[PDB]
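Everything on this sheet refers to the single structure shown next.
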Amino acid sequence: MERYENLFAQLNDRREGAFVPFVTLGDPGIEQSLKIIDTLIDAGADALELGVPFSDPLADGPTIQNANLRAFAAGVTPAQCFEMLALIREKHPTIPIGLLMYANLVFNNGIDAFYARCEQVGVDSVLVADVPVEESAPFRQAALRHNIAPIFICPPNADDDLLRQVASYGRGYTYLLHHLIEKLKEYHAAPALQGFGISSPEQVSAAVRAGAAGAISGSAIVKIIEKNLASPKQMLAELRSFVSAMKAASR
Amino acid sequence: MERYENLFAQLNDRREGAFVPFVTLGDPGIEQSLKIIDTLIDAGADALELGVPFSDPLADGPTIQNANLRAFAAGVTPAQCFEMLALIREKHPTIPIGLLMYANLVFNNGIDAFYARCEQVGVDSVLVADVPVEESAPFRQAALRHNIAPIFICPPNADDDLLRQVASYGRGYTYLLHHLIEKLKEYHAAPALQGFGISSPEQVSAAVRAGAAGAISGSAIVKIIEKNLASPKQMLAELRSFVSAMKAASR
Amino acid sequence: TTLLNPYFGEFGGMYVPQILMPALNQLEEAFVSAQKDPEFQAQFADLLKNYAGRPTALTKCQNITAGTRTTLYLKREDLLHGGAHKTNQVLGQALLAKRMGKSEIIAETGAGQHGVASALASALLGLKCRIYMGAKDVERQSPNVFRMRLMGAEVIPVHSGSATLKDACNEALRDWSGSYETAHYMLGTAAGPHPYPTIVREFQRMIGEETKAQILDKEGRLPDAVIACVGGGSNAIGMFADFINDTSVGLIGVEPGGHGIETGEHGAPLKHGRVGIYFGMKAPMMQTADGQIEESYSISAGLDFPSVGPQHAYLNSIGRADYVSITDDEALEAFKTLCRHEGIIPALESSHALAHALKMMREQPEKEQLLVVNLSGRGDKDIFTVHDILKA
Amino acid sequence: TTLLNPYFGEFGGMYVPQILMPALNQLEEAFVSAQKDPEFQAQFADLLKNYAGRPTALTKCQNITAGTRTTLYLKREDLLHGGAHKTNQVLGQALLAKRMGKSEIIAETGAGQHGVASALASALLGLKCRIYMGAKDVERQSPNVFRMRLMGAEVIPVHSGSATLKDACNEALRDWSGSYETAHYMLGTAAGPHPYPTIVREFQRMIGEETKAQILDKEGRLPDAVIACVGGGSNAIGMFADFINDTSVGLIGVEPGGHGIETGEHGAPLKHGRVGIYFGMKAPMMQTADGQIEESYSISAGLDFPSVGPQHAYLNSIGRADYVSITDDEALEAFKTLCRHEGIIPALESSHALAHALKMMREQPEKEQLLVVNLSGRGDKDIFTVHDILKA
Ligand SMILES: *Cc1c(COP(=O)(O)O)cnc(C)c1O
Ligand SMILES: *Cc1c(COP(=O)(O)O)cnc(C)c1O
Ligand code: NA
Ligand code: NA
């Protein structure tokens, strides 16, 4: 499928950026999680970045670590996450769905099998947090064979050589953490999405003005969740407010 | 004075050996101790060997160690011991009185001063438990200057050279722990008193038959004391029985 | 690209978030440079000799082998400053950090030994050391915790995850990805992302080099086998390294068998785990059928690394080295035996290696063999542990 | 008569019950014989080198002296097998016992270090070791007690007297006077009746010999002063010995000042006691005006010997050596300072020596001086002690 391609084309014809929220699948529970995701979508999310609870997320901060803890507490497993992924796709046919994974979970039962499973449930992209471009060959290849976009992070301390690799290796969108943006477009890199620190409307508009195709809220959404644990209903309400606010800023 | 000389001469004219009991001065208390000593004498003791409580009697067994503990518990000090020594001499003019001391107590305020004090209270001899004949020069010399008999121990593992030194250096009596006895007489050593293990009548007669001039009960007397601590009166009674029994065996 | 091969066969690599690659690359390069720098080698040798106490002795243990045709020697790393082999490599890494112009050190520890080593090295070389340690490990290692602080190191508890060594390892990387400009991550074993497995081996290879020269001097020939316990793989590779090209010399690594392999309560991933990708490397792991990383169990806290060095996995696959396991009880017995017959209190970690040598001897009393056990550390720390067990 | 002079000036001698003289004489003679026996020396050197880890390093401590004209070196006995210098002489005494055909060892210990050393030596050389220890000391030294037992030694509590080191010393002599035919009394310090003070010095003099050669190699000249703590006097005399004839080399012994000399709560009999006759020797003692032997107090349990070696008293009287005292707080500070600036945890005993060197430096920052402190042992054992104090 070409969900990202279609989304960005649609957003360009409407001169607006994309807003992409991240959440951990199964946090704080399967059911509440499915409700959260549908709320994020109804509030205006352009695409999703979903994380699968991993025992040692050595590439995540405090907020997300707690999300995994909450998810594990509810007994969330990768198999259940994939059951959720399927349910989510069945309800929403065009929204791009990207997964944020850790290498072992992808390699565990065969890298190829993992991407075959992603394609089957309707996943659009996969970003393996602990696989640098130098070690991505097996992953991006498997991803391509199953029509999955291999997403790569373009760090700030990146140099020209890295920009060139990210540009030819990545698909769907470039996960960016002025010059970098222009250079990525120079190398025909996938549309760039500003990440990190994205937690307020003004940050979304700033990203779009800089030339990025959108923004990704790496943990703001997770934060709203942990603060409203005692009230599932108020949680969905605040999530709906924040997301519509963030989305509005991309227009 | 010549108390030992007179005693042995008197015992020889009566063809009997001498019985000498040992006790710690001040055990279990000054008063009870003075009563014990007078009881030992009235029961037939020929001479006395008195010990002064020392902090580290590295040359004594369990029985005596406890006697020192009991004595210290009653606050017995060397000065008090000497007060007792004086009281004892005033009541008994001819009984030989030997002290069993530890070097530091003798050296503490001047070796010479110590022997001067012994002479003043009426002490007849001094055996310094931790001063071998090789280190005795200062001690025996001071003892002689104050008419005190320097007593020496003749161990079992002794050799001819040691027997010769003990024979010319010692006075009053040789503290012995067949051949040894004959050799000591060959070298004109002071009359020998069998020590160690002396706790029954038959041991006293055996010592006298071997050629010794008597026996010394190194700890039997102390044992009777610790077993009758709760009954001062029964203590004196048993001490009187044991001593008369032991003395009788020397006749 | 890289200067050295990041892989040993299929094992190893550099599986870290992109943001950390520059740190690894810079590190590799400084290492390559330092290895060719005579000045660096002289300074490292000076500290090892005049500060750490190298070379360490090679002790022949006659009482232990009486009545058999086995000759046993123990490489005395237990006599090294700090009481364990870990001191060798932390000294080199600290000089490396200084060569890179770094003034800060970041370290992770479980049992506490590596924390203590990093702290003493930092104190000696004027480095601001901050150490990450799992909350569960803090409670259990009060002594080593006070030692680190006593040496000026900052001890930071890690409550995330299972709050053990693996969780501490993650927090360190997190900190480093954001401060590698001024801080150096002093990893504590021959594992993790390249160039760490390679760097730690080189900074621990003096163990094997000294052992060869010493055995050559006392026996006039190489040993029939060198034996070392394997937690992460640093003392083992340090002993092996110089013998790798000596085909006649057997290399035996010993993983903790815990309560027994069949009980599932052990710490032997190399022979009883499953290959995965974690802590920046491809290596056998202690993990669920699902792919979640599990803990490594052993009576000895120091063999808690839920994985193993890449090179060991490789050396095993080609048959150059053999790996076996020893249980808590076998280690305990070896521990008691050394105390009574040689007057040396071995670390419960090292006791696993000794235990295996004892088995090689006992099972075949008449087999002539020259063995060397790497006594990686002293067991003064394990005194109470061995006490309560024999008491209970 | 004797072969060697039993006295150092007016101090020393052999003040033991007659029954023990033959044991002392036999011992002296076996010693004189062993000192001329190349075979004995070779075997002793072999154990010191291949078992104990000699020679020990001489560490230059630059961080500690920064900003001053003082150069400080530490003789690393803390790196010796056992963690303290005591291992040197127990090894020699055990060989001596074997030379005499003895199969049993008798030892006394307070803090436990000597007990552990005697036990490890006995275990290594196949000797049945029984150790006497004061009841109060047993309670306080549970760790060392289990270590001794772990090494096959029999631990016998001494409840008599004050139940401390001096009381333990008496029980040992008692046992020995009756079993010296098959048993050897392994005294733990350069004190007691001749020939012990002489024998322990000779079996600890490698400390000073190595130090001279090492300082000569690194500085090209002898130190301006060597400094050592003085409990019984074994590590101090061991360091001094080879320097005695070097008049330009100052010898400084450090007694524990406890809570302060004027408080009466200390353990400095050499400079603040009174000569007496105890434990088979004439030497300054901790005693009442009455002549009863008192205990030696210090934050460090190992400096509890209520007296001091005869030779030190002599070296002091002729002005060849100088003795000073350091308080608990001064020792504590020196202890904290070494941990933080050199990454070495010193024994609280050794910390007294370091503390004095620190004072020599601090009081006169601009005085040029080459100092050597004998770091007699490691302080891993003192970790909790220094903890509760800084906590309280
Ligand atoms: C830390 C430790 C080990 C385990 O580490 P490796 O990297 O496997 O060597 C082994 N022995 C001792 C004494 C240790 O302290
Ligand atoms: C036992 C000990 C001492 C005291 O003994 P000396 O005979 O005075 O040396 C000093 N330092 C250490 C580390 C000790 O263990
Ligand atoms: Na492991
Ligand atoms: Na002393």
Side-chain angles (χ1 to χ4, degrees), chain C residues 77-78 80 82-86 89 109-114 116-117 188-191 200 204 228-239 253 255-256 267-270 273 283-286 296 298 300-309 312 346-353 374-379 381-382, chain D residues 77-78 80 82-87 89 109-114 116-117 188-191 200 204 228-239 253 255-256 300-305 308-309 312 346-353 374-379 381-382:
Chain C
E77 292 303 293
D78 59 295
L80 194 68
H85 70 290
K86 288 170 164 49
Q89 79 106 347
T109 195
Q113 186 51 40
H114 180 55
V116 175
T189 191
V200 175
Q204 285 293 10
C229 63
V230 174
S234 68
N235 83 271
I237 199 71
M239 170 60 82
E255 294 187 292
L270 199 175
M285 309 270 165
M286 290 295 297
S296 219
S298 179
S300 57
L303 306 178
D304 62 316
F305 188 60
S307 191
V308 68
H312 288 294
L348 278 171
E349 293 87 341
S350 318
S351 296
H352 282 73
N374 194 197
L375 201 62
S376 52
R378 50 174 181 258
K381 62 181 171 64
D382 301 309
Chain D
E77 292 303 293
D78 59 295
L80 194 68
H85 70 290
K86 288 170 164 49
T87 296
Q89 79 106 347
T109 195
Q113 186 51 40
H114 180 55
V116 175
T189 191
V200 175
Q204 285 293 10
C229 63
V230 174
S234 68
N235 83 271
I237 199 71
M239 170 60 82
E255 294 187 292
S300 57
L303 306 178
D304 62 316
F305 188 60
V308 68
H312 288 294
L348 278 171
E349 293 87 341
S350 318
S351 296
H352 282 73
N374 194 197
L375 201 62
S376 52
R378 50 174 181 258
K381 62 181 171 64
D382 301 309

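Every number for a ligand or one of its atoms is a count from 1 in the order of the listing. Per chain, numbering begins at 1; letters A, B, ... match sequence-line order. Every heavy atom of this structure was used, including side-chain atoms; hydrogens, water molecules and symmetry mates were not.
Among the atoms of C/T189, some N or O lies under 3.5 angstrom from an N or O of ligand 1. Checked against a 3.5 angstrom limit, the closest N/O atoms of C/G233 and ligand 1 fall inside it. Note: no N/O pair closer than 3.5 Å links C/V230 and ligand 1 by distance alone. At least one N/O-N/O distance between D/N235 and ligand 2 falls below 3.5 Å. Between D/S234 and ligand 2, at least one pair of N/O atoms sits closer than 3.5 Å.
Between D/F305 and D/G231, the closest heavy-atom pair is CB-O, 3.6 Å. Between C/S350 and C/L375 the shortest heavy-atom distance is CB-CD1, 3.6 Å.
Per-residue contacts place D/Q113 under 4.0 angstrom from the following atoms of ligand 2 (heavy atoms of the residue considered): 15 (O). Listed by number with element, the atoms of ligand 1 under 4.0 Å from a non-hydrogen atom of C/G377 are 13 (C). Every atom of ligand 1 is numbered from 1 in the order shown, and the set under 4.0 Å from a heavy atom of C/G231 is 8 (O). Short contacts between ligand 2 and D/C229, defined as distances under 4.0 Å to a heavy atom of the residue, involve ligand atoms 10 (C), 11 (N). Taking every non-hydrogen atom of C/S376 and a distance limit under 4.0 Å, the qualifying atoms of ligand 1 come out as 10 (C), 11 (N), 12 (C), 13 (C).
Each protein N, O or S atom less than 3.0 Å from the Na ion (ligand 3) was counted, giving 3.
Contact between D/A190 and ligand 2 is absent, with no heavy atom of the residue lying under 4.0 Å from the ligand.
Of the heavy atoms in D/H85, only side-chain atoms (C-beta onward) come closer than 4.0 Å to ligand 2.
Protein heavy atom at the shortest distance from atom 4 (C) of ligand 1 is C/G302 O, 3.6 Å. Counting only heavy atoms of the protein, atom 14 (C) of ligand 1 lies nearest to C/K86 NZ, 3.3 Å.
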Applying side-chain contact (heavy atoms from CB on, under 4.5 Å), run through D/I237 and D/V200 and close with a yes or a no. CA-CA 9 Å; D/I237 199 71; D/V200 175; 5.6 Å; no

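Of the inter-residue distances, the one linking D/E349 atom CD with D/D78 atom CG reads 12.0 Å to the nearest 0.5 angstrom. Annotation: the span from D/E77 atom CD to D/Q204 atom CD amounts to 7.0 Å, rounded to 0.5 Å. Between the OG atom in C/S298 and the CD atom in C/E255 there is a gap of 10.5 Å [rounded to 0.5 Å]. We find the NE2-OG distance between D/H85 and D/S234 to be 3.0 Å, quoted to the nearest 0.5 Å. Rounded to the nearest 0.5 angstrom, C/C229 SG and C/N235 CG are separated by 4.0 Å. Distance CG/C/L270 to CE/C/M286: 12.0 Å, rounded to 0.5 Å.
Nearest to atom 8 (O) of ligand 1 by heavy atom, out of C/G232, C/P256, C/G82, C/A111, is C/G232.
Listed for the C/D382 side chain is a donor-acceptor partner under 3.5 Å among the backbone atoms of C/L348.
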